[PDB]
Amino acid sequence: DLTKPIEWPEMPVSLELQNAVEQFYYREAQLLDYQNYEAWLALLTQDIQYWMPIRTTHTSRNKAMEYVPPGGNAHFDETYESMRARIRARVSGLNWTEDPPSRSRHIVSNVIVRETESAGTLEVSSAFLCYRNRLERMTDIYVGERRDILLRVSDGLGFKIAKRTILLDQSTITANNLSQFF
């Protein structure tokens, strides 16, 4: 239920775990901001479901109708290979919308971790503000929350994103486009 927060514990997880997750996210952000898309892609599991649902306007009583359900149209509904394919286009030197490339900044905060019943598997909530500046004066701000299922691993950056659901705080997309990953 995307209309309710993840079931985070009242008592927060350990300092060590909290820091590892935040540090992982800050590094992920750096990969996007410096256009190292391949290294970024490597942080996703083969089973990744990268989804950013369409959000609609209704009265609070009808809030159950806010999110276009799974299986419906969406802004993003990707798999590891579809993301790989998008990346192929992005670094081809022929993706005019992102070449010249945008100047982005992926700010991450409000990291809340929930330990699931499966050891090493976490469900994480985090707020994001992705700033994007391009061409001469084009500027956009993308704000929302990311709900991830992270797998703690012993190599790489210590984690892998097994699932990401992006709650973009917009109904109609006000930005010029959605060329940035969140």
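Numbers for residues come from their place in the sequence shown, where the first is 1.
Here the stretch with the larger average CA B-factor, out of 160-168 and 9-17, is 9-17. Between 102-110 and 87-95, it is 87-95 that carries the larger average Cα temperature factor according to the deposited entry. Comparing C-alpha B-factors across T56, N133, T116, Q30 in the deposited entry, the largest value falls on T116. Comparing the listed residues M52, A64, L129, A39, the entry records the largest Cα B-factor for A64. Ranked against the other modelled residues of its chain, the C-alpha B-factor of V124 as given in the entry falls in the middle third. Per-chain ranking of the deposited C-alpha B factor places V143 in the lowest third.
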